[PDB]
Amino acid sequence: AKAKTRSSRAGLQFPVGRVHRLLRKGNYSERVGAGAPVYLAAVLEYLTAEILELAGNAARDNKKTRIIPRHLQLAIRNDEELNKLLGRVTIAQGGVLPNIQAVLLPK
Amino acid sequence: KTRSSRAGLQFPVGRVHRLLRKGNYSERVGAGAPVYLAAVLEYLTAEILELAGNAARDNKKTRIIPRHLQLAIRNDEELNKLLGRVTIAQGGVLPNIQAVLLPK
Amino acid sequence: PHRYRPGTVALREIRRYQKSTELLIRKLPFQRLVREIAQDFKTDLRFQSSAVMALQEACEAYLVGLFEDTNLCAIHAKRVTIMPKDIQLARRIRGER
Amino acid sequence: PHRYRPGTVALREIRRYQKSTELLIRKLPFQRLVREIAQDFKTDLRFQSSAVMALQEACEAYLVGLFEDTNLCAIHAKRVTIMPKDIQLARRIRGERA
Amino acid sequence: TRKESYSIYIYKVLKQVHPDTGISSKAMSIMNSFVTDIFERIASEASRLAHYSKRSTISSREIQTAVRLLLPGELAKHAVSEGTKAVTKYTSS
Amino acid sequence: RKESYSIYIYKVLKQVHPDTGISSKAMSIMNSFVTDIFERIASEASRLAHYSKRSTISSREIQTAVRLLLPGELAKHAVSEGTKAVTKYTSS
Amino acid sequence: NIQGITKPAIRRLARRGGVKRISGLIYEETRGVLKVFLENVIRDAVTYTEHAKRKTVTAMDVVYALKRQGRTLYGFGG
Amino acid sequence: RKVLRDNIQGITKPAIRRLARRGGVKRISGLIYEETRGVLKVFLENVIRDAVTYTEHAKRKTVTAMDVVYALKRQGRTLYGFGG
DNA sequence: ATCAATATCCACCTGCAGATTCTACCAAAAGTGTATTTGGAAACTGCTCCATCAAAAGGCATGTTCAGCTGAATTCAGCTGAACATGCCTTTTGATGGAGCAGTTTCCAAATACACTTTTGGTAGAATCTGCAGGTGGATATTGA
DNA sequence: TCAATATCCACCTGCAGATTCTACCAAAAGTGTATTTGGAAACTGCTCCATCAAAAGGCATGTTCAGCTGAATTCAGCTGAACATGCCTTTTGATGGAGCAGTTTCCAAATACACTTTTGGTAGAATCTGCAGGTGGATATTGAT
Ligand SMILES: [Cl-]
Ligand SMILES: [Cl-]
Ligand SMILES: [Cl-]
Ligand SMILES: [Cl-]
Ligand SMILES: [Mn+2]
Ligand SMILES: [Mn+2]
Ligand SMILES: [Mn+2]
Ligand SMILES: [Mn+2]
Ligand SMILES: [Mn+2]
């Protein structure tokens with residue numbers, strides 16, 4: 001019987017095995033169910049797809065083909081949900097969203 | 001002949017040890033860790049009670065209620081910092097009125 | 001006919017309420033509100049009495065605190081009257097917005 | 001001689017720095033401040049440059065955010081100039097004090 | 001001295017959404033920190049969720065309910081769909 | 001079922017104030033307090049061990065955790081009682 | 001139901017907060033903040049309820065929710 | 001080595017002005033510069049104190065980027081970009 | 001409404017610092033055959049969590065008056081921005097020496113595993129008790145005159 | 001200051017809701033053994049951190065100068081406090097019933113384990129290339145007339 005990676009059995013790109021190990025070695029609980037590493041690898045994969053999709057667009061917009069930190073920032077900060085999720089996270093080299101309070105502009 | 005009395009503590013050294021193992025904190029738990037942790041817990045407990053007791057006294061009370069625990073914490077910089085994100089149920093707040101809002 | 005000047009009874013109230021710890025929201029209306037909100041998440045729910053009490057405690061402590069910060073924002077703008085603009089600013093600096 | 005009015009270069013600079021992401025404090029001076037504070041904490045210490053860079057990124061991300069809030073307190077007081085009392089209110093409300 | 005990373009998978013997923021795009025290494029490590037971070041937040045909540053319900057085993061159900069707690073739907077609601085999906089596909093051996 | 005530090009707190013109460021009592025709510029508050037700090041210190045201790053790839057939480061991890069978690073003088077005294085209790089214990 | 005939370009009740013809270021003068025618009029602003037607060041807390045609580053397969057929100061379900069929001073409450077099981 | 005002193009002044013008026021700009025600030029009071037150095041020093045001391053604690057616990061003499069990342073996480077200011 | 005003065009853009013270029021691929025192991029997933037548990041599933045309680053009932057009691061909802069707070073409008077000392085001239089000291093490059101992480105091994109002191117043996121801690125009545133909640137009677141604190 | 005409201009504030013006082021005090025059984029806690037093994041100690045291979053040198057210019061310093069912003073004043077419209085009424089909704093106090101947490105009691109599905117092969121990844125060489133930095137007209141954007 002040929003080797004069938006669990007990632008493939010699950011239909012995922014992320015490493016189901018690895019995740020299954022990080023779980024048993026993380027002192028999170030006595031034992032870990034079989035589904036557990038699969039559901040987590042999926043969520044972790046859904047989310048990184050979500051930010052890369054927006055990061056890639058911020059890149060395209062700024063006329064670059066390679067995603068850099070600043071693109072991750074614009075992607076995260078311009079998205080209410082991703083922003084709330086990473087509300088207390090500082091992205092190195094990400095800078096800030098260009099934003100100037102109205103009262104400050106020439107009258 | 002309990003490890004607590006052996007370490008000179010009122011806190012359950014034995015239980016702290018069981019609670020450390022059953023807590024999924026680590027594969028193995030050192031012999032002294034529960035003694036230490038138990039000592040630290042007792043000390044902070046004595047600290048609060050000691051100040052809470054004083055708060056009751058001054059209120060002309062012999063029984064420490066929640067307000068007394070609140071007065072003891074919020075009036076001590078260290079304890080307040082430690083319990084900065086904690087609310088004591090039924091503890092109320094410190095009486096403090098901003099200068100500007102006073103008469104004349 | 002006797003009458004205290006505006007603000008004098010306000011100070012009297014501050015001292016009274018900063019001295020006690022009783023809940024300041026009427027227990028019944030609060031409970032009604034708590035279940036209304038909960039029904040929107042899961043229908044036909046039961047609530048331990050203490051569960052509703054824990055919620056009112058936290059809820060009132062949260063508001064009292066927010067009013068402290070709001071009052072500071074009002075004072076910062078040379079006022080003595082809290083305004084929504086004050087609650088909004090405090091909630092922003094707090095990270096709730 | 002041509003001369004921009006007070007406030008115009010300031011707005012130019014906001015647009016300019018909100019666009020970029022480079023560190024705004026100088027490297028060497030900051031590395032020193034780190035070594036000076038650390039040393040008056042524990043002697044014979046060493047740092048991976050990486051470690052000093054992580055501290056600079058965080059301090060700048062922090063000061064920049066503190067200034068966004070400071071600026072809101074200024075505006076709120078119907079002013080356009082930030083002052084110490086503004087930094088103090090933002091820190092008070094943020095819980096960095098009371 | 002070999003050290004594990006998520007880079008390989010992050011890159012694969014990158015090629016899927018934007019085949020034309022690349023990613024600087026700072027950006028990649030950032031992405032790495034993000035993955036290990038949410039993994040930590042999910043696992044931990046899973047860990048506690050298991051404790052409260054006197055269980056010594058973290059099932060896909062703990063992960064699910066944890067996901068519902070840490071993420072803001074929509075993000076939540078879509079993450080839960082993918083997890084359910086991946087699991088049943090898995091149980092189909 | 002349902003064990004608490006309730007009893008151990010009352011003993012401590014009697015050492016600092018033999019004279020003083022304590023309400024029901026006050027007692028549960030002190031109970032939540034003990035479990036909370038217990039959880040913060042233990043958790044920080046858990047990570048500290050994983051950073052050094054150790055499998056056991058020793059009193060060394062408990063102490064650093066304390067130093068990281070308790071502020072200023074509280075941490076100092078906490079640390080003193082700590083190593084002291086480990087001494088009057090390893091003595092027999 | 002939010003109107004159940006009455007003006008006098010809000011004045012009282014403000015007073016404990018140390019507020020002397022209250023603008024006429026603070027009452028409606030407060031009700032809104034209070035409902036967002038409750039929605040968030042209960043939503044998490046009820047999630048804890050469902051996980052435990054119950055039909056009853058317990059005080060511990062609330063206590064754990066509050067900790068998730070960073071609003072640790074003492075005196076109800078933690 | 002050489003004695004280290006007054007290095008907090010290595011945080012110049014122009015560097016603080018730049019930081020205020022990125023924070024979107026338009027006009028700065030003369031006193032902001034010293035309040036900022038004061039505020040920065042407290043911030044840095046706390047992060048370094050915790051970071052050096054993780055270092056000592058690891059029986060090292062070198063503060064690594066990870067020590068800093070962990071210190072920052074304790075303070076609730078998670079940093080992405082140095083985890084490796 | 002003009003325009004000089006300057007700053008902001010944007011496409012066009014080209015090596016090279018920083019990605020991407022190509023190769024090789026080798027640490028750890030996948031495959032299978034056993035030795036344990038666990039987490040659910042029924043069945044039953046005894047809890048406590050609704051539902052009513054139903055008076056009394058505050059506590060909330062109105063409408064009046066007007067005190068004094070918040071703005072709007074004006075001014076003006078001088079604080080803080082924009083520019084310039086100077087020349088310091090942070091940057092950049094390169095190259096070492098060796099401090100001190102990291103990677104391996106070695107193996108006892110220390111922690112985990114039973115299998116028991118006691119002792120202590122949680123329960124649910126029994127035996128007191130600290131303060132609440134009133135009740136005056138006495139100086140205060142406010143506020144009008 | 002004088003005087004007249006209302007407010008606070010001790011001193012005592014009498015029970016009722018909790019507390020503290022008792023009287024008992026299991027389930028942790030302490031034990032006596034018998035094993036596992038984690039990680040402190042002992043090297044030592046070698047990245048990396050602290051230093052040094054030198055040159056170059058990006059930028060921090062200081063000083064001038066005066067635009068226009070923050071701080072002071074004024075003044076009065078009207079919002080928000082103080083209050084006496086009038087009345088409705090919250091309290092609260094058992095009763096009874098019933099949904100249902102909490103406990104048990106099984107055990108079949110699901111995991112932990114112990115080995116044995118097979119890859120999927122990670123660590124560098126070997127290749128590739130976006131884009132960082134420079135230039136220059138094309139276009140605003142400002143600010144004086
Ligand atoms: Cl599972
Ligand atoms: Cl130990
Ligand atoms: Cl407003
Ligand atoms: Cl100021
Ligand atoms: Mn006993
Ligand atoms: Mn100079
Ligand atoms: Mn002005
Ligand atoms: Mn008038
Ligand atoms: Mn292969």
# chains A, B, ... in the order shown; residues from 1 in each chain; ligands from 1
>>> interface_residues(of="chain G", to="chain J", cutoff="10 Å", atoms="only C-alpha atoms (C1' of nucleotides)", output="ChimeraX atom specification")
/G:20-24,54-56
>>> write_last_selection(atoms="N, CA and C atoms", output="PDB file, in the first residue's frame")
ATOM      1  N   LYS G  20     -19.774  64.975  36.960  1.00  0.00           N
ATOM      2  CA  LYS G  20     -20.625  66.016  37.544  1.00  0.00           C
ATOM      3  C   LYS G  20     -21.754  66.506  36.626  1.00  0.00           C
ATOM      4  N   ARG G  21     -21.401  66.882  35.405  1.00  0.00           N
ATOM      5  CA  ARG G  21     -22.391  67.352  34.451  1.00  0.00           C
ATOM      6  C   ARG G  21     -22.475  66.359  33.285  1.00  0.00           C
ATOM      7  N   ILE G  22     -23.702  65.935  32.964  1.00  0.00           N
ATOM      8  CA  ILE G  22     -23.955  64.971  31.898  1.00  0.00           C
ATOM      9  C   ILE G  22     -24.724  65.528  30.696  1.00  0.00           C
ATOM     10  N   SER G  23     -24.097  65.577  29.524  1.00  0.00           N
ATOM     11  CA  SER G  23     -24.793  66.059  28.327  1.00  0.00           C
ATOM     12  C   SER G  23     -26.020  65.202  27.965  1.00  0.00           C
ATOM     13  N   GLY G  24     -27.064  65.872  27.492  1.00  0.00           N
ATOM     14  CA  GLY G  24     -28.303  65.195  27.146  1.00  0.00           C
ATOM     15  C   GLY G  24     -28.176  64.011  26.222  1.00  0.00           C
ATOM     16  N   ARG G  54     -24.728  22.148  26.898  1.00  0.00           N
ATOM     17  CA  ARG G  54     -25.778  22.467  27.850  1.00  0.00           C
ATOM     18  C   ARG G  54     -26.793  23.428  27.273  1.00  0.00           C
ATOM     19  N   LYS G  55     -27.821  23.715  28.055  1.00  0.00           N
ATOM     20  CA  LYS G  55     -28.865  24.624  27.618  1.00  0.00           C
ATOM     21  C   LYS G  55     -28.898  25.764  28.612  1.00  0.00           C
ATOM     22  N   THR G  56     -27.980  25.713  29.577  1.00  0.00           N
ATOM     23  CA  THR G  56     -27.894  26.718  30.639  1.00  0.00           C
ATOM     24  C   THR G  56     -26.587  27.499  30.737  1.00  0.00           C
TER      25      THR G  56
END
>>> residues_around(residues="residue 2 (chain E)", least_positions_apart="4", cutoff="12 Å", atoms="only C-alpha atoms (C1' of nucleotides)", output="short mmCIF file (atom, residue, chain, number, x, y, z; two decimals) with C-alpha atoms (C1' of nucleotides), in the first residue's frame")
data_model
loop_
_atom_site.label_atom_id
_atom_site.label_comp_id
_atom_site.auth_asym_id
_atom_site.auth_seq_id
_atom_site.Cartn_x
_atom_site.Cartn_y
_atom_site.Cartn_z
"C1'" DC I 26 18.20 11.98 7.07
"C1'" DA I 27 15.02 13.22 10.62
"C1'" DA I 102 25.38 25.17 19.56
"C1'" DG I 103 26.00 20.40 18.83
"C1'" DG J 121 12.14 19.05 3.91
"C1'" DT J 122 15.87 21.56 5.08
"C1'" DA J 123 20.84 23.04 4.24
"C1'" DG J 124 23.71 24.75 1.13
#
>>> residues_near_ligand(ligand="ligand 6", cutoff="9 Å", atoms="only C-alpha atoms (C1' of nucleotides) and all ligand atoms", output="mmCIF file with C-alpha atoms (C1' of nucleotides), in the first residue's frame")
data_model
loop_
_atom_site.group_PDB
_atom_site.id
_atom_site.type_symbol
_atom_site.label_atom_id
_atom_site.label_comp_id
_atom_site.auth_asym_id
_atom_site.auth_seq_id
_atom_site.Cartn_x
_atom_site.Cartn_y
_atom_site.Cartn_z
ATOM 1 C "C1'" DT I 86 28.202 74.867 8.945
ATOM 2 C "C1'" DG I 87 30.657 70.962 9.502
ATOM 3 C "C1'" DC I 88 29.991 66.672 12.743
ATOM 4 C "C1'" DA J 60 21.847 67.205 13.012
ATOM 5 C "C1'" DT J 61 22.784 72.006 14.943
ATOM 6 C "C1'" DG J 62 22.024 76.829 15.605
#
>>> residues_around(residues="residue 18 (chain C)", least_positions_apart="6", cutoff="12 Å", atoms="only C-alpha atoms (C1' of nucleotides)", output="list in words")
residues 67, 71, 91, 92, 93, 94, 95, 96 and 97 of chain B; 11, 12, 24, 64 and 68 of chain C; 12, 13, 14, 15, 16, 17, 18 and 19 of chain G
>>> interface_residues(of="chain A", to="chain F", cutoff="10 Å", atoms="only C-alpha atoms", output="JSON, numbers by chain")
{"A": [25, 26, 27]}
>>> residues_around(residues="residue 13 (chain D)", least_positions_apart="2", cutoff="10 Å", atoms="only C-alpha atoms (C1' of nucleotides)", output="tab-separated table (two decimals) with C-alpha atoms, in the first residue's frame")
chain	number	residue	atom	x	y	z
D	7	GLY	CA	2.22	74.11	7.94
D	8	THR	CA	2.77	73.24	4.29
D	9	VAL	CA	6.09	71.43	4.66
D	10	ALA	CA	4.69	69.78	7.78
D	11	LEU	CA	1.82	68.31	5.67
D	15	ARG	CA	2.49	62.43	3.41
D	16	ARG	CA	6.13	61.53	2.90
D	17	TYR	CA	6.64	59.51	6.09
D	18	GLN	CA	3.24	57.81	5.98
D	19	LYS	CA	4.25	56.51	2.59
H	17	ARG	CA	9.63	65.14	14.61
H	18	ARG	CA	9.84	62.44	11.95
H	20	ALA	CA	5.34	62.47	14.91
H	21	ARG	CA	4.94	62.96	11.16
H	22	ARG	CA	4.42	59.27	10.51
H	24	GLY	CA	0.27	62.16	11.41
H	25	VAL	CA	1.15	65.06	13.71
H	26	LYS	CA	1.32	68.55	12.14
>>> residues_near_ligand(ligand="ligand 1", cutoff="7 Å", atoms="only C-alpha atoms (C1' of nucleotides) and all ligand atoms", output="JSON, numbers by chain")
{"A": [33, 34, 35, 36], "E": [58, 59, 60, 61]}
>>> residues_near_ligand(ligand="ligand 3", cutoff="10 Å", atoms="only C-alpha atoms (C1' of nucleotides) and all ligand atoms", output="MDAnalysis selection string")
(chainID C and resid 82:89) or (chainID G and resid 23:26 29)
>>> write_last_selection(atoms="N, CA and C atoms", output="mmCIF file, in the first residue's frame")
data_model
loop_
_atom_site.group_PDB
_atom_site.id
_atom_site.type_symbol
_atom_site.label_atom_id
_atom_site.label_comp_id
_atom_site.auth_asym_id
_atom_site.auth_seq_id
_atom_site.Cartn_x
_atom_site.Cartn_y
_atom_site.Cartn_z
ATOM 1 N N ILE C 82 -19.593 65.757 30.265
ATOM 2 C CA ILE C 82 -19.203 64.684 29.356
ATOM 3 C C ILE C 82 -20.133 64.661 28.138
ATOM 4 N N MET C 83 -19.580 64.338 26.971
ATOM 5 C CA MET C 83 -20.341 64.290 25.728
ATOM 6 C C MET C 83 -19.933 63.067 24.949
ATOM 7 N N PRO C 84 -20.787 62.617 24.026
ATOM 8 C CA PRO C 84 -20.458 61.426 23.236
ATOM 9 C C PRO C 84 -19.059 61.521 22.637
ATOM 10 N N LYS C 85 -18.710 62.719 22.224
ATOM 11 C CA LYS C 85 -17.417 62.930 21.648
ATOM 12 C C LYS C 85 -16.359 62.437 22.649
ATOM 13 N N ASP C 86 -16.652 62.575 23.938
ATOM 14 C CA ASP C 86 -15.734 62.120 24.974
ATOM 15 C C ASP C 86 -15.720 60.581 25.086
ATOM 16 N N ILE C 87 -16.887 59.942 25.053
ATOM 17 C CA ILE C 87 -16.922 58.484 25.129
ATOM 18 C C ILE C 87 -16.220 57.914 23.909
ATOM 19 N N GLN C 88 -16.463 58.518 22.756
ATOM 20 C CA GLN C 88 -15.846 58.069 21.515
ATOM 21 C C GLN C 88 -14.322 58.140 21.544
ATOM 22 N N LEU C 89 -13.777 59.242 22.044
ATOM 23 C CA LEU C 89 -12.333 59.416 22.097
ATOM 24 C C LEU C 89 -11.708 58.394 23.019
ATOM 25 N N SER G 23 -24.097 65.577 29.524
ATOM 26 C CA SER G 23 -24.793 66.059 28.327
ATOM 27 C C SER G 23 -26.020 65.202 27.965
ATOM 28 N N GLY G 24 -27.064 65.872 27.492
ATOM 29 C CA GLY G 24 -28.303 65.195 27.146
ATOM 30 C C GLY G 24 -28.176 64.011 26.222
ATOM 31 N N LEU G 25 -27.106 63.981 25.436
ATOM 32 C CA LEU G 25 -26.912 62.897 24.481
ATOM 33 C C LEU G 25 -26.163 61.670 25.002
ATOM 34 N N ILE G 26 -25.610 61.762 26.211
ATOM 35 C CA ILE G 26 -24.842 60.658 26.783
ATOM 36 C C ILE G 26 -25.644 59.400 27.059
ATOM 37 N N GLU G 29 -25.878 57.315 23.877
ATOM 38 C CA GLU G 29 -24.539 56.859 23.532
ATOM 39 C C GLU G 29 -24.193 55.671 24.441
#
>>> residues_near_ligand(ligand="ligand 9", cutoff="10 Å", atoms="only C-alpha atoms (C1' of nucleotides) and all ligand atoms", output="VMD selection string")
(chain I and resid 24) or (chain J and resid 118 to 121)
>>> residues_near_ligand(ligand="ligand 7", cutoff="8 Å", atoms="only C-alpha atoms (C1' of nucleotides) and all ligand atoms", output="mmCIF file with N, CA and C atoms (P, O5', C5', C4', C3', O3' and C1' of nucleotides), in the first residue's frame")
data_model
loop_
_atom_site.group_PDB
_atom_site.id
_atom_site.type_symbol
_atom_site.label_atom_id
_atom_site.label_comp_id
_atom_site.auth_asym_id
_atom_site.auth_seq_id
_atom_site.Cartn_x
_atom_site.Cartn_y
_atom_site.Cartn_z
ATOM 1 N N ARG D 79 -7.213 72.101 19.229
ATOM 2 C CA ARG D 79 -5.860 72.590 19.004
ATOM 3 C C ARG D 79 -5.336 71.790 17.832
ATOM 4 P P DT J 69 -2.818 78.564 12.077
ATOM 5 O "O5'" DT J 69 -2.504 77.867 13.470
ATOM 6 C "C5'" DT J 69 -1.156 77.718 13.900
ATOM 7 C "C4'" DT J 69 -1.054 77.754 15.408
ATOM 8 C "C3'" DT J 69 -2.351 77.309 16.079
ATOM 9 O "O3'" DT J 69 -2.018 76.727 17.332
ATOM 10 C "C1'" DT J 69 -1.963 79.559 16.620
ATOM 11 P P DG J 70 -3.105 75.860 18.138
ATOM 12 O "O5'" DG J 70 -2.810 76.322 19.628
ATOM 13 C "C5'" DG J 70 -1.461 76.447 20.055
ATOM 14 C "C4'" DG J 70 -1.366 77.257 21.323
ATOM 15 C "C3'" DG J 70 -2.356 76.811 22.392
ATOM 16 O "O3'" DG J 70 -1.797 77.049 23.683
ATOM 17 C "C1'" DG J 70 -2.948 78.965 21.641
#
